[PDB]
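One structure below.
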Amino acid sequence: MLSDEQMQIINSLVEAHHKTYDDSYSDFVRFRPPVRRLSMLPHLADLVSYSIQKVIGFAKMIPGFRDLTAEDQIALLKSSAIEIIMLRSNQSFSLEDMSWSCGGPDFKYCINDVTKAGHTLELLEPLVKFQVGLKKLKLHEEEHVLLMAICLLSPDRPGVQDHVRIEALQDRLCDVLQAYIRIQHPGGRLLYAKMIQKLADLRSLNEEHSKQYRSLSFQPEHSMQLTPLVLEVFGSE
Amino acid sequence: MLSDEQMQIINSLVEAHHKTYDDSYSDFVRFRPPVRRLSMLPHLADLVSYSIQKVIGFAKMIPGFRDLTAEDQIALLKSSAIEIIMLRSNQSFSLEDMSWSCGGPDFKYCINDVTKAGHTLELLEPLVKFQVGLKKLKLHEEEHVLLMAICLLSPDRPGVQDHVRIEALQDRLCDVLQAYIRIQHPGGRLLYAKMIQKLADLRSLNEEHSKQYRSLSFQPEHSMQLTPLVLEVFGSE
Amino acid sequence: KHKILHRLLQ
Amino acid sequence: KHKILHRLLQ
Ligand SMILES: CC1[C@H](O)CC(=C/C=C2\CCC[C@@]3(C)[C@H]2CCCC[C@H]3[C@H](C)CCCC(C)(C)O)C[C@H]1O
Ligand SMILES: CC1[C@H](O)CC(=C/C=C2\CCC[C@@]3(C)[C@H]2CCCC[C@H]3[C@H](C)CCCC(C)(C)O)C[C@H]1O
């Protein structure tokens, strides 16, 4: 049996996700349209920028994240943003297509769309693979949400200062996830391990993205196409 | 009778305008769509950003602008960009509507559209008035192009260094314009004066815009919506 | 340093 | 200082 405050953490985390996840993908009509040079860079730059603001809204509602000093909140967001975006994007990923179906027909990004945004297959191979791995875990909503919160509250990120306080939070998060799986997820004897390995894979994707982004942002004809928030979060300042 | 090199300057300037003015306004479908908060800020930010790249392409083809040191070319563009955009936008302005008709129906910006982009009527009044003034001058293509080149080559802008070299160019430009009007524009006895007064009005619009932009860019929820080139050109660096 | 993030984080 | 303008100006 799960605890009362353990249940409170799941309830507040699920709600945070519902407030920051638009199941209708309707704000996508407000981005710069897809094209198919780097034809898909503008639309996917706007996608990432949009998603960063959702990830900040989610983080602001994680219990206790708000109580960290503003520096630490920046250091965690600056380094985990891309990982939480890869994490939440599983919701729109489909094993049936091997693409991300975000509502309408023009907002379905398969693998060839994403190469036209300036990224090579040495990022997209590990990325698509990661998504079918995470999709095969058939995670409950409660687990998908907890995994994002635990990826955010990692002390071992560049620039964090209160390693101890952030570590408390993250451990409080994995107690809940271990209890939840063990008590509410039949056949999850190995699932929590499979999820921690997913965080490991995410770190590897972060590196690959950070390398390919560095190349994309040192040529101004491309960084031009990026948004100010994307430049800020992925900038090295 | 106009001179040979005078005619060469008009020919090369008209061509520069044709290479950097899309009479089909077709790249407007590639901007963030209009909405009607600051609903029109994204689309009009993308409009200005687009136009800045056209103004740079035009400048790069003004005879002798290319031969200025890279600093001076930046100082002229950073201060005159908005004036050349107000100047070229006369082409899409219509006395019949009092709006800017840029091809399709959603790219027709009347005065209420432009207030939803974070600007007050103390900029839009002098702006719309300016446009019907410039529109009533029925300028030849040759004159409209020369006026942009003369607004660009003004030495009295912040940060210019070779005041003498830039002043040579600008005077070479007004000799052509005075000769052209006097020789090819029937009933232009007063027209060149009316055009120099238009440059004066442009300086006043520049100030008003620079004041309202400063307010818009000190609040990050709005500067966020701007593009990197717009931040750079209108930034104070 | 980080103008936008500071805003978004209230 | 002015990364984009330098590019656009070749
Ligand atoms: C809610 C909403 C929906 O579920 C759909 C989502 C999908 C997210 C995806 C799949 C498509 C590819 C990108 C966008 C990827 C998420 C980030 C990794 C790769 C992406 C690409 C290469 C960006 C390059 C831009 C940059 C310059 C920053 O490198 C985002 C999610 O927030
Ligand atoms: C080729 C093409 C076409 O002819 C149409 C053109 C029209 C230009 C106009 C009319 C509509 C209003 C704006 C966009 C104005 C030109 C610039 C002054 C006011 C504009 C607005 C307030 C921007 C605020 C954005 C900022 C944050 C920079 O302040 C641009 C021209 O390049």
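Residue numbers (our numbering), protein chains in the order written: chain S, 34 to 270; chain V, 34 to 270; chain X, 31 to 40; chain E, 31 to 40.
Beta carbons are placed, not taken as given, at the ideal position from N, Cα and C, and that holds for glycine.
Span of the alpha helix (DSSP H) around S59 of chain V: Run containing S59 of chain V: none; DSSP gives neither H nor E here.
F91 of chain V - DSSP class collapsed to helix/strand/coil: helix
Interface flag, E254 of chain V vs chain X, CB-CB below 7 Å: yes
Whole runs of the alpha helix (DSSP H) within the segment 101 to 171 of chain V, excluding any shorter than 4 residues: 103 to 121, 144 to 148 and 154 to 169
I118 of chain S CB to nearest heavy atom of ligand 1 below 6 Å: At least one heavy atom of ligand 1 falls within 6 Å of the beta-carbon of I118 of chain S.
Three-way DSSP call (helix, strand, coil) for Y246 of chain S in this model: helix
Near-chain X residues of the segment 135 to 158 of chain S - C-beta to any C-beta below 9 Å: Residues of the segment 135 to 158 of chain S with a Cβ closer than 9 Å to any Cβ of chain X: none.
beta-carbon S269 of chain S near ligand 1 non-hydrogen atom, thresh 6 Å: Answer for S269 of chain S: no, Cβ out of range of ligand 1.
Spatial distance of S243 of chain S from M181 of chain S (CA atoms): 19 Å
Where the segment 168 to 181 of chain V meets chain X: residues whose CB sits under 8 Å from a CB there: So the list is empty, because no residue satisfies the distance condition.
Given 8 Å, three or more beta-carbon pairs between the segment 80 to 94 of chain S and the segment 111 to 119 of chain S: yes
Heavy atom of ligand 1 within 6 Å of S57 of chain V beta-carbon: no
CB contact below 7 Å: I89 of chain V versus chain E: Interface criterion met: the Cβ of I89 of chain V is under 7 Å from a Cβ in chain E.
Neighbour list for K33 of chain E in chain S, Cβ cutoff strictly below 8 Å: Residues of chain S passing the Cβ test: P253 and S256.
First through last residue of the alpha helix (DSSP H) which encompasses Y213 of chain S: Segment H196 to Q217, the alpha helix (DSSP H) holding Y213 of chain S.
Residue-chain proximity (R69 of chain S, chain V), Cβ-Cβ < 7 Å: no
Cut-off 7 Å between Cβ atoms - residues of its own chain near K168 of chain V, not counting five sequence neighbours on either side: Cβ neighbours of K168 of chain V beyond the five flanking positions: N123, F126 and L128.
Chain E residues whose Cβ lies nearer than 8 Å to that of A103 of chain V: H36 and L39, listed in chain order.
Limits of the unbroken alpha helix (DSSP H) element including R37 of chain E: According to the DSSP assignment, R37 of chain E belongs to the alpha helix (DSSP H) that extends over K33 to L38.
First through last residue of the alpha helix (DSSP H) which encompasses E38 of chain S: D37 to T53
Closer than 7 Å to chain S by CB, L71 of chain V: no
Buried or exposed (CB count within 10 angstroms, at least 16 for buried), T260 of chain S: buried
Assigned exposure category for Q258 of chain S - 16 Cβ within 10 Å defines buried: That one is buried.
Beta-carbon proximity of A212 of chain S to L35 of chain S, cut-off 7 Å: Yes, the pair counts as a contact, with Cβ atoms nearer than the cut-off.
For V263 of chain V, the three-state DSSP class (helix, strand or coil): helix
Terminal residues of the alpha helix (DSSP H) in which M257 of chain S lies: Counting along the chain, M257 of chain S falls outside any alpha helix (DSSP H), and DSSP gives it neither H nor E.
Straight-line gap, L74 of chain V to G136 of chain S (C-alpha atoms, nearest Å): 25 Å
Where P191 of chain S meets chain A, residues with beta-carbon distance less than 8 Å: The structure shown contains no chain A; the protein chains it does contain are S, V, X and E.
Distance between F267 of chain V and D204 of chain S (C-alpha atoms, nearest Å): 47 Å
Alpha-carbon spacing of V47 of chain V relative to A103 of chain V, whole angstroms: Computed Cα separation, rounded: 24 Å.
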